[PDB]
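The chain below stands alone, shown as structure tokens; this is the form deposited in one PDB entry.
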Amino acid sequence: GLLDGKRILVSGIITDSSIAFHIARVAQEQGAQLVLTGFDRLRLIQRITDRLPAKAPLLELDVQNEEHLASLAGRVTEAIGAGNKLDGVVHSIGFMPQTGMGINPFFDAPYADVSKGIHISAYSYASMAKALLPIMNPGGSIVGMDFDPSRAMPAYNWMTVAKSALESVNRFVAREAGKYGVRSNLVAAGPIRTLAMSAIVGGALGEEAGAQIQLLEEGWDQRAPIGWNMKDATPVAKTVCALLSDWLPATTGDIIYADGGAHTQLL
């Protein structure tokens, strides 16, 4: 097993399409012992997490909630047992109010909405690192999920800004994590048919932004030298497990692109 003997916390499962679900599945297949965290609808998440290869504790974590964050290391320790620490942490979380995305004009998003999006999508990467680094082993790994925001694009709007902020946060988390002998990296994935995406795609069913999204998806597979299948989160899940393993031990503050190589090609 790639992750045999490792204890890994995975946030972000909401459906069986969640990138986090597939990260969790592949990690368990590779021998990892998981602790899962979920937001809002815990009973629902439990039903999904029951479909994984193996049992795992499920803890509540709303990254907006300072009490949840303050108690997290303690609750995790209770789950994995005193004297044990985490080897990995996966941040697979994001949010942006509907005003900040889709067909909504970029200029019409109130800062209150943008700020909430940045809180959950970017700042919380630092929040989770702050909470969990004190219970991580040397050689450990923190991984977050990114969508390449180096260029602007239709529809993604303020989430692009939140991802740009996340990339910057990741470089600073790496400075802190290094003191614990821990790496911090992001995986920039290509588009995957998840609940999050269905909210975006669904919000523009018939408008120009919806058409633009479909064009972006077609262009992605065309540009990717090895192609890109939006229906398959496995290549992304494997990439996250690679960073969680001991096989990328000199990479930190960085971004690994699991996108079919699309970002390396203009056309």
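Rigid core here is just the name for the largest C-alpha set that superposes within 1.5 Å across the two forms. Numbering starts at 1 and follows the sequence shown.
There is another form of the same protein, the form deposited in another entry; it is not shown, and what comes next is about it.
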| property | result |
| --- | --- |
| Core-superposed comparison between this form and the one not shown - Cα displaced by 2 angstroms or more, from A211, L42, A54, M230 | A211 |
| Residue pair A209, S115 - Cα distance in the other entry, closer or farther (3 Å or more) | farther |
| Distance direction in the other entry for the C-alpha atoms of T99 and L205, relative to the displayed form (3 angstroms or more) | closer |
